[PDB]
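Asker:
There are 2 protein chains.
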Amino acid sequence: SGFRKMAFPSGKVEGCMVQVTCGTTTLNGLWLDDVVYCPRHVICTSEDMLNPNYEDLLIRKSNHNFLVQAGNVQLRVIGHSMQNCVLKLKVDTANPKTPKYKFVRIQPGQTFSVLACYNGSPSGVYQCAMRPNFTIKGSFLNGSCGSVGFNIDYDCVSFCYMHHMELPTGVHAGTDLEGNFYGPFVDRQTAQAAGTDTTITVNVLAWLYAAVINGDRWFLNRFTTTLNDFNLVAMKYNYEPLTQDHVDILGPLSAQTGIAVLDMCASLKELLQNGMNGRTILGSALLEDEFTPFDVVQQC
Amino acid sequence: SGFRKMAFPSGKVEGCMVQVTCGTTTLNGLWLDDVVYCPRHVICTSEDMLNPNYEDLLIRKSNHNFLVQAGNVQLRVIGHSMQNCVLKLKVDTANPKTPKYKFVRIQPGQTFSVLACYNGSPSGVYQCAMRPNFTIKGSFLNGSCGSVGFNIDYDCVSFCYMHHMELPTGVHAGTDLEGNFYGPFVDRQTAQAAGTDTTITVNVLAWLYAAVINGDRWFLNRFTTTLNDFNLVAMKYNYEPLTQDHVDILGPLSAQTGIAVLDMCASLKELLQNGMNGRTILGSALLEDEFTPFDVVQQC
Ligand code: NA
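Protein chains in written order, with the deposited numbering: chain A, 1 to 300; chain A', 1 to 300. A prime marks a further copy of an entry chain.
1. Please check the pair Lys90/A' and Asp34/A', which I expect to be a contact at CB under 8 Å, by giving their CB distance rounded to whole angstroms.
2. Just how far apart, CA to CA, sit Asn238/A' and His80/A'?
3. Given a threshold of 16 other Cβ atoms within 10 Å of its Cβ, counted over all protein chains shown, does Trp218/A' qualify as buried or as exposed?
4. At least one CB of chain A closer than 9 Å to the CB of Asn214/A': is that the case?
5. State the start and end residues of the unbroken alpha helix (DSSP H) segment that holds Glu14/A'.
6. When you check each C-beta in the segment 119-140 of chain A' against every C-beta of chain A, which residues fall closer than 7 Å?
7. Chain A partners of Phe8/A', CB-CB under 7 Å?
8. So with Cβ pairs under 9 Å, would you call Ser284/A' a contact of chain A?
9. Comparing the CB of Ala191/A' with every heavy atom of ligand 1, is any distance shorter than 8 Å?
10. With a 10 Å radius around its C-beta and 16 neighbouring C-beta atoms as the bar for buried, classify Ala285/A' as buried or exposed.
11. Compare the C-beta of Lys5/A with all C-beta atoms of chain A' and state if any pair is closer than 9 Å.
12. Is it the case that the segment 138-153 of chain A' contacts the segment 104-117 of chain A', given that we only count it when at least three CB pairs across the two stretches are under 8 Å?
13. Any heavy atom of ligand 1 closer than 8 Å to the beta-carbon of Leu232/A?
14. At the 9 Å Cβ level, is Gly146/A part of the contact set with chain A', yes or no?
15. Mind checking the segment 99-116 of chain A' against chain A and listing, in chain order, the residues whose C-beta falls within less than 9 Å of any C-beta there?
16. Does the Cβ of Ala285/A' lie closer than 8 Å to at least one heavy atom of ligand 1?
17. Let me know the secondary structure DSSP gives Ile106/A' once reduced to three states.
18. Should the segment 44-64 of chain A' be regarded as contacting the segment 135-144 of chain A', the criterion being three or more beta carbon pairs within less than 8 Å?
19. Give the secondary structure of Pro293/A' by DSSP, where H, G and I count as helix, E and B as strand, and everything else as coil.
20. With DSSP collapsed to three states, give me the class of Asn214/A'.
21. Let me confirm a value: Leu30/A is counted as buried when at least 16 other C-beta atoms fall within 10 Å, else exposed. Which label applies?
22. Curious, which full-length beta strand (DSSP E) runs of at least 3 residues does the segment 135-160 of chain A' contain?
23. How far does the beta strand (DSSP E) with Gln69/A in it reach, from first residue to last?
24. So, is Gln244/A buried or exposed, given that buried needs 16 or more other C-beta atoms within 10 angstroms?
25. Would you call the segment 39-47 of chain A' in contact with the segment 91-99 of chain A', where contact means no fewer than 3 C-beta pairs closer than 8 Å?
26. Which chain A residues are close to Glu47/A', counting only those with a beta carbon under 9 Å from its beta carbon?
27. Can we say the segment 173-193 of chain A' touches the segment 206-213 of chain A', given the rule of at least three CB pairs closer than 8 Å?
28. Going by DSSP, what residues sit across from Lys90/A' in a beta bridge?
29. Answer yes if the segment 217-234 of chain A' comes into contact with the segment 69-77 of chain A', meaning at least three C-beta pairs across the two stretches below 8 Å, and no otherwise.
30. So with Cβ pairs under 9 Å, would you call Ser1/A' a contact of chain A?
31. Taking 9 Å as the CB-CB cut-off, is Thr190/A touching chain A'?
32. Can you list, in chain order, the residues of its chain whose CB lies under 8 Å from that of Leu57/A, leaving out five sequence neighbours each side?
33. My guess is that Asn84/A and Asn180/A are in contact by the Cβ rule of under 8 Å, so how many angstroms apart are they, rounded?
34. Can you pull the chain A' neighbours of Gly11/A, defined as C-beta to C-beta under 9 Å?
35. Can you look up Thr201/A' in the DSSP assignment and give me helix, strand or coil?
36. Going by the DSSP bridge assignment, what does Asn28/A' pair with across the sheet?
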């Protein structure tokens with residue numbers, strides 16, 4: 001019993017974290033086999049970040065200008081290449097601690113664990129979601145760039161996020177491990193405004209299912225609804241539209257609890273209309289959207 | 001920027017988790033050097049847990065009745081002893097992955113990271129606090145007993161919690177690593193009622209300091225208070241009494257923000273009296289008490 005924001009055990013990723021220094025920028029890199037992956041902005045000065053020509057800046061750099069440190073031990077960089085917004089630094093030593101891994105590009109609303117690092121060293125772990133506007137609400141200070149987000153599925157680490165930027169609003173942007181940004185964001189210190197941060201409706205429903213599992217039932221009402229009638233409500237509360245694909249994904253939690261998905265949708269509509277009246281649900285005073293259906297099943 | 005419930009990296013503890021089976025109870029043990037620590041209720045059947053005589057039950061057990069598995073590899077138990085509510089199983093092999101460690105008995109209101117395990121295998125990590133009634137609000141299913149709570153301080157793992165029990169109310173009880181329960185709880189399946197779950201006032205203040213650091217300032221008022229006047233308020237809201245030791249611990253966060261501790265106390269009094277009016281603070285609709293002053297400084 002009980003229900004926590006639960007991250008994957010971080011040990012497999014800790015063994016992959018290194019320090020990358022270029023000139024006088026230090027950040028974190030990910031060492032898998034004989035490649036170190038890091039944000040390409042490692043090559044930029046402060047002034048460069050205002051308006052960087054990455055191809056031009058990369059002309060000035062050779063293999064020996066990339067200082068890679070794994071603990072207290074120096075890796076020899078034997079090649080480098082830019083792939084979208086990441087650098088790949090070929091090193092002469094394969095990481096002996098390399099886990100089984102893949103690179104995956106997640107969808108908006110998918111969750112992951114972050115291992116926030118500074119100077120190549122693990123600081124801490126927490127859960128995140130890919131917001132529908134393609135930002136995350138991380139905890140990242142100066143030096144945390146190159147910290148990664150991941151899921152562990154079947155003892156295989158699926159890397160989904162590398163940290164690049166903090167927006168002026170203090171939310172976070174980054175790439176997949178092919179170096180493609182999530183959303184419209186660029187690795188430039190310029191005005192970048194996030195769009196509407198909508199609520200991940202399918203996740204809220206999963207968490208309501210989690211609450212019923214755990215004995216928090218007060219919010220279950222006597223109504224049902226339709227996907228269209230629900231969605232007219234969802235849209236006025238900046239909730240994402242629910243699809244029949246969402247309903248299908250909730251089926252196992254429906255089966256477990258005996259609560260039809262549309263019934264749970266009607267309960268959520270009443271919570272949106274009437275609020276929570278100073279009550280809580282799984283110890284939250286608001287509707288939590290950073291648990292996926294799969295996250296709930298895994299935890300329960 | 002941003003502020004998360006942040007756990008320590010779990011890798012150092014993952015390397016210590018083993019499976020312990022006695023008869024047909026399986027749970028988790030902690031392998032440090034040549035000792036495995038686990039809950040003594042490993043020796044109990046279901047029926048035994050109603051009213052166990054641990055000394056008598058232990059008469060029936062020899063070293064070979066304790067099956068200890070580290071991954072896919074069997075440890076030889078060469079001695080065993082009961083220390084309060086834990087068993088210590090001496091094994092013939094020192095754990096090669098043993099970190100620098102200590103055993104510490106924390107105070108009520110102190111926080112820690114939990115690595116929830118099943119069958120000796122890491123499942124996930126989250127933060128907890130030792131409630132003032134000496135329960136924790138974990139996430140623990142059947143098989144999770146022996147999962148540990150810890151802090152990492154200076155690359156030394158300080159073990160503070162081993163999981164033993166779920167109360168009928170679905171909160172959790174356990175021991176330190178000397179096997180002494182936190183609070184009045186016993187390793188018996190009997191009616192055990194927790195006392196009043198009060199709020200950890202010093203922690204709330206730390207989190208208000210965290211919010212100011214991160215730019216969430218709306219709740220700062222124009223008042224001050226006194227420790228006595230504050231505490232008359234705290235007591236009616238089942239908040240723990242604030243002491244001058246608490247004020248002293250908040251000094252660094254006071255210094256950073258320029259907000260005198262008693263001023264922040266007055267802000268909290270208004271939040272207790274008037275509530276939050278549907279607003280949030282560091283994305284919580286309620287006052288969060290599971291960050292210590294030290295936790296905030298570490299994260300910021
Ligand atoms: Na909340």
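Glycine included, C-beta positions come from ideal geometry on N, C-alpha and C.
Answerer: With the structure as the only source:
1. Here residue 90/A' refers to the residue found at position 90 when the second sequence is read from its first residue. Here residue 34/A' refers to the residue found at position 34 when the second sequence is read from its first residue. That belief holds up - the Cβ atoms of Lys90/A' and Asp34/A' are roughly 6 Å apart, short of 8 Å.
2. Translated into the one-based positions of the second sequence, residue 238/A' becomes position 238. Translated into the one-based positions of the second sequence, residue 80/A' becomes position 80. Roughly 44 Å between the two C-alpha positions.
3. Reading the second sequence from its first residue, position 218 is the one you call residue 218/A'. So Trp218/A' ends up on the exposed side.
4. Translated into positions along the second sequence, residue 214/A' becomes position 214. So yes, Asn214/A' belongs to the interface.
5. For the purposes of this step, residue 14/A' is taken as the residue at position 14 of the second sequence. Unbroken alpha helix (DSSP H) run through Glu14/A': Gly11 to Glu14.
6. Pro122, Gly124, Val125, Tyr126, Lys137, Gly138, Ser139 and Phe140
7. Here residue 8/A' corresponds to residue number 8 of the second sequence, with the count starting at 1. Near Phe8/A' (Cβ distances below 7 Å), the residues of chain A are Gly124.
8. Taking the first residue of the second sequence as position 1, residue 284/A' is located at position 284. Interface residue, yes.
9. Here residue 191/A' refers to the residue found at position 191 of the second sequence. No - ligand 1 has no heavy atom lying nearer than 8 Å to the Cβ of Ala191/A'.
10. Position 285 of the second sequence, counting from 1, holds the residue named residue 285/A'. With 16 or more Cβ atoms within 10 Å of its Cβ, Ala285/A' is classed as buried.
11. Locating residue 5/A in the first sequence gives position 5, counting from the first residue. Output row for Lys5/A: interface = yes.
12. yes
13. By one-based count along the first sequence, residue 232/A stands at place 232. Incorrect: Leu232/A has no Cβ contact closer than 8 Å to ligand 1.
14. Locating residue 146/A in the first sequence gives position 146, counting from the first residue. No, because no Cβ of chain A' sits closer than 9 Å to the Cβ of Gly146/A.
15. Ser113, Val114, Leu115 and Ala116
16. Within the second sequence, numbered from 1, the residue matching residue 285/A' stands at position 285. Answer for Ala285/A': yes, Cβ within range of ligand 1.
17. Stepping through the second sequence from its first residue, residue 106/A' is reached at position 106. If DSSP states are grouped into helix, strand and coil, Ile106/A' belongs with coil.
18. no
19. Within the second sequence, residue 293/A' is the residue found at index 293, counting from 1. Three-state DSSP puts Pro293/A' in a helix.
20. As a first step, residue 214/A' is located in the second sequence; it is residue number 214 there, counting from the start. It is coil, neither helix nor strand.
21. Within the first sequence, the letter at position 30 stands for residue 30/A. Label assigned to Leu30/A: buried.
22. 148-153
23. Numbered from 1 along the first sequence, position 69 holds the residue referred to as residue 69/A. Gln69/A -> beta strand (DSSP E) spans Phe66 to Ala70.
24. The residue you call residue 244/A lines up with position 244 of the first sequence. The residue is exposed, with fewer than 16 neighbouring Cβ atoms inside 10 Å.
25. no
26. By 1-based counting over the second sequence, the position of residue 47/A' is 47. Here the premise fails: no neighbours, minimum Cβ distance about 22 Å.
27. no
28. Numbered from 1 along the second sequence, position 90 holds the residue referred to as residue 90/A'. Bridge partners of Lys90/A': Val35/A' and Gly79/A'.
29. no
30. Numbered from 1 along the second sequence, position 1 holds the residue referred to as residue 1/A'. With 9 Å as the cut-off, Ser1/A' counts as an interface residue toward chain A.
31. For the purposes of this step, residue 190/A is identified with residue 190 of the first sequence, where counting begins at 1. Cβ-Cβ to chain A' under 9 Å: no for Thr190/A.
32. Position 57 of the first sequence holds residue 57/A. Within the same chain, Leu57/A has close Cβ partners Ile43, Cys44 and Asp48.
33. Residue numbering aside, residue 84/A sits at position 84 when the first sequence is read from its first letter. Residue numbering aside, residue 180/A sits at position 180 when the first sequence is read from its first letter. That belief holds up - the Cβ atoms of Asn84/A and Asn180/A are roughly 5 Å apart, short of 8 Å.
34. The count along the first sequence starts at 1 and reaches residue 11/A at position 11. The contacting residues are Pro9, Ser10, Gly11, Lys12, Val13, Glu14, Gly15 and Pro122.
35. Your numbering for residue 201/A' matches position 201 in the second sequence. If DSSP states are grouped into helix, strand and coil, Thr201/A' belongs with the helices.
36. Locating residue 28/A' in the second sequence gives position 28, where the first residue counts as 1. BP columns for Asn28/A' point to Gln19/A'.
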